[PDB]
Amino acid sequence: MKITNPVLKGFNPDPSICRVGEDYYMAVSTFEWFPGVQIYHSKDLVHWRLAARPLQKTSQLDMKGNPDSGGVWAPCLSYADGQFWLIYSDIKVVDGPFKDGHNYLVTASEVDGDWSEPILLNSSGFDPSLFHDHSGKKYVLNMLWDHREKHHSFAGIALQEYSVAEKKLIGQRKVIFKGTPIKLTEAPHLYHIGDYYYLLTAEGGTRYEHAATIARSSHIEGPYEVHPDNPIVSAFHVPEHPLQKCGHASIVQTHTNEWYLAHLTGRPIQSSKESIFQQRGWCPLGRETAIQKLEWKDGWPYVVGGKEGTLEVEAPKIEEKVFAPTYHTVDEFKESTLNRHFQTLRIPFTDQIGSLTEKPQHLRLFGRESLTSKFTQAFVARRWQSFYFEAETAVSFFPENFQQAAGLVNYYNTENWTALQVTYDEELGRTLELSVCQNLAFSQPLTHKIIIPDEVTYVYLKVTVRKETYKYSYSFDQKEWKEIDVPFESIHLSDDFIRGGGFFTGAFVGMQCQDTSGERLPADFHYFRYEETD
């Protein structure tokens, strides 16, 4: 029991696991956060390092205006013919009868290399997957989205051959599997093992009814027979289990001939005044990735320890490989590139949003649109990856009107965030303001204004997260800290609290500057510290 779940903490959903020789890769979805797709690398399945974010250019991923939790849904990473293949989606509509979005293919020699320009596959449903058949043929699988009023929206798993020569889907698509009574059949993955094709799918939806089902056929077009103890992964029946929403799985065979299953999961905070059987809880870290061990019997896989998953799982018999950290606890912005754990919303980090060279050893952000804007935000943020942490920054900002503000933000989506910002008041001058957006209801709860003396070069801003609650603090000298006595609920930044059709990310913390007057006033952030605690 040396794998400790979750292996990817914080917002890291929809894992697509992939072996190349003795290297293991896992791609996860990133939704509106840019650059798109996170690929992690491991030798032993115990330790994982963030290795690449493939979708770096607007020609590969153009998400300006995308709805919250649109963009890059579950991706599929594979390897064949000396190349990585990455299938991804750009979902443009996440609410209502339709689910408009398009599926694309890019390739690369190495996951951290330059990925190709996208090949357009289809638009008929999300969760596309690329299957490399033993014959050399290639097939794309995806769910079929049905908009029609009388029908369940999940109309089955479609299969269609992909022509490498023609760079397009060919022939006609075929519905090969219609799911089980759990329904919401999605996330198709095909595997050829022994004498059967195994079709792995997610069912039940990505909330607390989530499950992984598997079916098998001697022929790729079916009919598929469902596992006799289906589902193979699910925590639906065990509301007290520490792993919840267990589903959307992918399977890997190690180079040591052992079998493992990656799946997403959530770790909810519960309410003491509610029944955990009725209110399963809220997940501010979003959906995380866990790894289970498989065993085989009668040609069917089973999750070792039970289908709800285990926190501690027997690691494969592989030499341990620990990686060095890929971020520093205190980022002083001495590098010319933004650290790989930082992302921006929807669009690339360019000189129109910020600079790492205009003000050396600072991250300079030019004030753009407000935190409610799905277009151009000067906001650089990183995931909450623990229930217990501190994040801190120091900002030089001299606003001249009330429409300019910059500071520290905890953020779920454009309707759900809190921010501690240096702004300007017509009567008191530079002030420190607390802003709260809760499903688009806006409040500024401080009862008395915090005036910033003109002598203060840098305003130090901190958030302290203690599982259920978090609090902001500030200092004018980094020595004497003052806590703002407004206790914020972490569950308000969770998948399970926010309204609307897209609820698939997780809480972020970061640095931000807005100027809704038009002057693009810069804020200079001296450092960003993110430190997990006990």
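Residues carry their position along the shown sequence, with the first being 1.
- In this entry, 192 to 200 shows the higher mean Cα temperature factor of the pair 192 to 200 and 435 to 443.
- Between 43 to 51 and 29 to 37, the higher mean Cα B-factor belongs to 43 to 51.
- Out of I484, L61, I498, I491, it is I484 whose C-alpha atom has the highest B-factor in the PDB entry.
- Between the residues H132, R383, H448, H263, the entry's highest C-alpha temperature factor is the one at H448.
- Split the chain's modelled residues into thirds by C-alpha temperature factor. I17 is in the highest one.
- Sort the modelled residues of the chain by CA B factor and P239 lands in the middle third.
- Per the PDB record, residue ranking by Cα B-factor puts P128 in the lowest third of the chain.
- Sort the modelled residues of the chain by CA B factor and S69 lands in the lowest third.
- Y208: CA B factor lies in the lowest third for its chain, per the PDB record.
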